[PDB]
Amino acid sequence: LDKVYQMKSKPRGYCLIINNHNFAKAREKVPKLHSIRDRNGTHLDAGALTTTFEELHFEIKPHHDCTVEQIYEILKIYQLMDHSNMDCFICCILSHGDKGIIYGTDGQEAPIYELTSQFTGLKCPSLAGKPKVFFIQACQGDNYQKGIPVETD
């Protein structure tokens, strides 16, 4: 026993799914990205997310191949909604990225902080006191994690 976040609500809350795949803009624009591959496989991520959170009584709100601007535009929407009848809010992002940033489908970048800081208590009081979950799925650098040995577990 201990306090738990109320999760009774009908739709429970929205579950954004910004799913980036076609990165041909970035390639064109941003020089240093001339070779970023398209994110094959996301479809699957979006699907899995969609189902699993549907079954959890959340109202999915997908969006595909979004430039950095589109992403902000989108968050600003849910940032401005009245989540008064909502019990929680989840936002998923699947795209390329770098040290503390996510990549718009055009090469432009958006600090994870900017997106995250959009739904604070002041910025969106209709959510104050309710869980705001974010699942960023992107790279955060170009260093392949190391990995050492040990048989425990």
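Start at 1 with the first residue shown and count on from there.
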> Should the higher mean CA B-factor in the entry be assigned to 90 to 98 or to 46 to 54?
Replying inline: 46 to 54
> Quick one: higher average CA temperature factor, 14 to 22 or 140 to 148?
Replying inline: 140 to 148
> Between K61, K32, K29, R39, which one tops the list for C-alpha B-factor in the PDB entry?
Replying inline: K29
> Lowest, middle or highest third: where is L122 by C-alpha B factor in its chain?
Replying inline: highest
